[PDB]
Amino acid sequence: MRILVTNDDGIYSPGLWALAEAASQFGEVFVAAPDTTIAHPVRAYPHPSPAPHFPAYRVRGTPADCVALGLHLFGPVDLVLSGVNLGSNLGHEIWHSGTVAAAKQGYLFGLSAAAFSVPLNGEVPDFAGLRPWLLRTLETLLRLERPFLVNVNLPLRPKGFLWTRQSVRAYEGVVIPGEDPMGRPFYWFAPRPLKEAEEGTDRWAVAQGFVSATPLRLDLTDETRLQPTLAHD
Amino acid sequence: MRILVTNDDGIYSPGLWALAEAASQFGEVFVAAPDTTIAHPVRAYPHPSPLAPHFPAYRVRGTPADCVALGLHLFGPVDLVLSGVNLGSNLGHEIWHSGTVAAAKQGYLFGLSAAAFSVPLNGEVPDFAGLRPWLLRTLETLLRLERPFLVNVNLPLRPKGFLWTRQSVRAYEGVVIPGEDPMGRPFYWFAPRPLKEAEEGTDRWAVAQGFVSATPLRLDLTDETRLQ
Amino acid sequence: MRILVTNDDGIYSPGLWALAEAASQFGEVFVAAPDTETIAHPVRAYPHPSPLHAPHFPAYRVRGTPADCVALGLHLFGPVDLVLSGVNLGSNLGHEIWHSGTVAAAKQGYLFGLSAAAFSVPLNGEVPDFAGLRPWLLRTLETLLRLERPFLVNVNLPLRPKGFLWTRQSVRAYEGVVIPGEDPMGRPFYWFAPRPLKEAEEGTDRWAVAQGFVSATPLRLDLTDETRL
Amino acid sequence: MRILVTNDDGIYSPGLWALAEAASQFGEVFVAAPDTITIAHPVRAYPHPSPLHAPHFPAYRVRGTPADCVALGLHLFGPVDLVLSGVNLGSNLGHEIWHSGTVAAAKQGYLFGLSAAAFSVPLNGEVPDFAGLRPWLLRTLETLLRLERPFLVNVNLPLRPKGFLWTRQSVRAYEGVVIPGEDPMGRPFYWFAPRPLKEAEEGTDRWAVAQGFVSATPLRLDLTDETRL
Amino acid sequence: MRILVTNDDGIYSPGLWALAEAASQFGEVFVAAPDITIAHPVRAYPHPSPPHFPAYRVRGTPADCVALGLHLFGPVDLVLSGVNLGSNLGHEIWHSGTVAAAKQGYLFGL
């Protein structure tokens, strides 16, 4: 099988190259990464892979742009992988994730897809010690009914793997006033969750030391509110 | 009832004032809007509501989410968070990265009822003197629902109805066509297009039929049918 | 003559309309601003209903940068004599002139061979009154239409101008102030609060505005320092 | 002498590390580059281990702008005698100098007193061979270290250099070419394709790199056009 | 495409799997089989299918299985009911539970 690897941090992110080297254990691997709805032009320049040579392209566009060009230039492609993003993509963060959107674009194009992320701020992800678990994870996804759309968060030092649901929490909008060093006022926006992540959620799983894998949906409709509204006698 | 009003087009967008005006008809309106992820600092300066009655307002040099948190601290408590009226649609796959929708969701995450308002664009501009009747009718409907609620609303340019809808979810084809600019440089045309037409009952379908579209949104992106 | 007016705040900026209105009092205006707020690239525009009817002039919102506006403007209303850019809601003084979008549109004008002027009014805290500034804008636009053309000026008008003043760019030195801190959550960070060593000195644009005088600084394109060459 | 190095492509660009290594041949090098305003703003910074195989470099990745890096670095490392910025992937010639992030960081170095330079290399197409360019960065740095301090220079190295040259910025007039066109869907749009009236002169930075010579241009901060003042 | 398969004989009928298996030869299959219009409680239970198509045993009627089938598995493009051990011809069509399930499917838009 053939795999397209992209991300949203750039063609130089070591997480991009760690994902591609790991994807290569299961198939032909091709890379298309970002430079940084309507028909637009996209410039794509061949990029030499800094490991087993991977045909790569540097795209002047969005990650979704990469997936589309990556399928054109490298088709056929059976799977679309996005990451590994330097930074988590858990709970409410899934919504806005660029990494996730890349995988979602692949699913919308009919392929199977998965986003991979690791937490930042402090220690940098050690990709050598993460290779085993990256591999294990890929081996599992590859045993799912296709196509699939999955969101993966790997902790810094994984001890396991778990299928998770998204953490969904309420917050109290904390606004704390303050003044900068030179006198100018401002507001410190810092929302705190009203409770701890329940077990079974992606956030929990990563805090316990497990690779979290969440199957995503494309439909945002709240049918439990819609259906009753649409009913008649 | 106290209503916080915001958007993502800017304190200067007419869409924003059309909505605050319409919301006033149901309660005391407060406005907080963007100027143009974790504990971060944000600035906010008073702003005179355009002249229409006066609305306490603020321009926030941050995100629509910041506006919502900043509005609840500056005019709290609040009963409802309305975001829009956005100058561009927010149907289907677009809901995902909607700034307008982002603001409303923020209010929801704070225990409040919320709704985003969008009017389709890229051609002509909306007439908010004509849209007002449909806006009022829509708010009136929303306010009868059980609280809290999270609804996404799209209004066609000149509406002739109203439908509770579901999100249009469609598959695509990665149309990539080679080409060069009249100057000589090569490039790739990316033109994604849906494998089919929007279905009856979806938001996209409703709007194309001249109807206002109202979709109740879920916060959980988890696909439970692939988890169990 | 014919005058193309743009800005970088967007087609709904009160400052854009104040400048077109203030311009139409010296010629035919044509607006082309970004609705969005260097190799052949697609650019589209849409007729936009201008809010000015005294007189009414053709407008366009462009899905592109301020520079795209200038270009599309010149092809849509060509030929044009003067390119105006502003009024920016915010100042564009001193080091700010470097990465200023407002100034950039005017600059793009000059390279297309026209005369150009960026206008800006300080903000932060209070909003300008374009009603009261109209006198000074007009007086300011007379002064520029006199100048040997082509020209490229950067105008800055205080909130309440009490005079004019041809000026020079303030070129101060700073010390990089950095203080450790920690957001409410206990997280550490650093405040990077740069502050100039001395005050603006007379003749400088920043000084002019502090005095209540409209500042207008002619600009040079060549950043080359011929002395050390 | 101590040297601070940064860029705008990020802490992972291999150009940041080639410049840093070339710098190390002249003194102690410290790095602060983006993980990826004038009012006091918060800036995060985290220690970042240098390359696995090469001299050890004390470095920091910062969640801020290149200018922020110059400031945080000076606070975390500095005293520093020189601020280097690059090697930027892509060039920074003629008009580009204004809206260049690379030049920007250097510029910030200057405003702080310290001497500084920016290095850029033409990209798009074939990537640069930093091992083949090392001899030229070393050659270039030797020359800049002779100039009287403080100084501020912009350097562009072609892919395969064959000389050096002290240039002046390549200024040129452009024409707003606007070809009408349509995409596949059938949608209409305007192709804005800016094009210079005449090839860059000589002794200009753009001209040199075209011949194959490294270019270095000393820069000014003052944008005022005195002759009209 | 995706397919929902049920019957009115129960989850152990060979007919049901002989149908699910033939159904999988054209798309993703999901099986929901048995154990009024007013709102009634329905329980389904994860059931191991004997290829491998996800399945459920539903403590409910066949209709219930199509309803539940879609909510726990759906969306879906087609409903299949059977194979029923026993014919459903002529006058018999009127009261067939096998046909009633496909009917519940059509009335649902599939």
Scan (1) closer than 22 Å to C:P218 by Cα; (2) buried (at least 22 other Cβ atoms within 10 Å of the Cβ); (3) at the interface with another protein chain (Cβ under 9 Å from one of its Cβ atoms) for the single condition C:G113 breaks and write down its number.
(2)
Restricting to segment D:118-129, what's the tally of residues that are more than 16 Å from D:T102 (Cβ to Cβ) and either β-branched (V, I, T) or surrounded by 15 or more Cβ atoms within 10 Å (Cβ to Cβ) (or both)?
1
Looking across segment E:59-91 at residues that are polar (S, T, N, Q) and not in a strand (DSSP E or B), the single one that is surrounded by the fewest Cβ atoms within 10 Å (Cβ to Cβ) is E:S87
Quick one: what pairs do we get from segment D:174-192, first residue more than 7 Å from chain C (Cβ to nearest Cβ), second hydroxyl-bearing (S, T, Y) and in a strand (DSSP E or B), C-beta under 9 Å, 6+ apart or different chains?
D:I179/D:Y190; D:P180/D:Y190; D:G181/D:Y190
Can you name every residue in segment D:188-204 that is assigned to a loop (DSSP other than H, G, I, E, B) and either surrounded by fewer than 17 Cβ atoms within 10 Å (Cβ to Cβ) or aliphatic (A, V, I, L, M) (or both)?
D:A193, D:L197, D:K198, D:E199, D:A200, D:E201, D:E202, D:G203
In segment B:179-228, what residues are farther than 14 Å from B:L91 by Cβ, of a type in the set (F, W, Y) and out of contact with any helix residue (DSSP H, G or I) (no Cβ under 7 Å at 6 or more places or on another chain)?
B:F187, B:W189
Can you tell me how many residues in segment D:43-55 are in contact with a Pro (Cβ under 9 Å, 6 or more places away or on another chain) and more than 21 Å from A:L86 (Cα to Cα)?
0
Taking the condition of being facing chain C (nearest Cβ under 9 Å) and small (G, A, S), how many residues in segment D:193-202 meet it?
1
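For segment A:114-129, name all the residues that are among the aliphatic types (A, V, I, L, M) and over 26 Å from A:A64 (Cα atoms). Explain how you work it out, then say what you get.
In the first step, residues of segment A:114-129 are kept if they are among the aliphatic types (A, V, I, L, M); the result is A:114-115, A:118, A:120, A:124, A:128.
Listed by number, the residues that qualify are A:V124, A:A128.
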Failed criterion for A:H96 (all others in (1) buried (at least 20 other Cβ atoms within 10 Å of the Cβ); (2) facing chain B (nearest Cβ under 10 Å) hold):
(1)
Hey, among the residues in segment A:4-46 that are in a loop (DSSP other than H, G, I, E, B) and within 14 Å of chain B (Cβ to nearest Cβ), which one's surrounded by the fewest Cβ atoms within 10 Å (Cβ to Cβ)?
A:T37
Of D:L74, D:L52, the only residue that is over 16 Å from the mean Cα position of the chain (by Cα) and over 25 Å from D:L133 (Cα atoms) is D:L74
Determine which single condition B:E180 fails, assuming it passes every other condition in (1) over 24 Å from B:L80 (Cα atoms); (2) crowded, with 18+ Cβ neighbours inside 10 Å.
(2)
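Just to confirm my filter: which strands (runs of 3 or more DSSP E) fall fully inside segment E:1-52 and include at least 2 residues that are exposed (fewer than 14 other Cβ atoms within 10 Å of the Cβ)?
Details: elements: E:2-6, E:28-34, E:43-47.
So the answer is E:43-47.
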Residue within segment B:67-75 that is out of contact with any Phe, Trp or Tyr (no Cβ under 6 Å at 6 or more places or on another chain) and part of a loop (DSSP other than H, G, I, E, B) present:
no
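When you look at E:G105, is it surrounded by 18 or more Cβ atoms within 10 Å (Cβ to Cβ), among the small types (G, A, S), within 13 Å of the chain's Cα centre (by Cα) and over 29 Å from B:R170 (Cα atoms), yes or no?
Numbers: surrounded by 18 or more Cβ atoms within 10 Å (Cβ to Cβ): yes; among the small types (G, A, S): yes; within 13 Å of the chain's Cα centre (by Cα): yes; over 29 Å from B:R170 (Cα atoms): no.
Spelling it out, it is not the case that E:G105 is surrounded by 18 or more Cβ atoms within 10 Å (Cβ to Cβ), among the small types (G, A, S), within 13 Å of the chain's Cα centre (by Cα) and over 29 Å from B:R170 (Cα atoms).
Are there any strands (runs of 3 or more DSSP E) wholly within segment A:81-173 with 1 or more residues that are more than 14 Å from the chain's Cα centre (by Cα), and if so which? It would help to see each step written out before you state the result.
Details: elements: A:112-118, A:149-153, A:160-163.
Result: A:160-163.
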Positions within segment A:208-233 being away from every other protein chain (no Cβ under 12 Å), crowded, with 17+ Cβ neighbours inside 10 Å and more than 16 Å from the chain's Cα centre (by Cα), in sequence order:
A:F210
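Is it true that A:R146 is among the basic types (K, R), within 12 Å of another protein chain (Cβ to nearest Cβ) and under 27 Å from E:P51 (Cβ atoms)? I'd like the intermediate steps shown before the answer.
Details: among the basic types (K, R): yes; within 12 Å of another protein chain (Cβ to nearest Cβ): yes; under 27 Å from E:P51 (Cβ atoms): yes.
It is true that A:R146 is among the basic types (K, R), within 12 Å of another protein chain (Cβ to nearest Cβ) and under 27 Å from E:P51 (Cβ atoms).
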Before we move on, is C:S24 touching a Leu at 6+ places or on another chain (Cβ under 8 Å) and within 22 Å of B:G88 (Cβ to Cβ)?
no
Which of (1) part of a loop (DSSP other than H, G, I, E, B); (2) closer than 30 Å to A:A51 by Cα is the odd one out, the single condition A:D233 does not satisfy?
(2)
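As a convention, Cβ positions derive from the backbone with ideal geometry for all residues, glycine included, and neighbour counts pool all protein chains shown. Computed from the coordinates by the stated procedures, all read-outs in this text should not be read as laboratory data.
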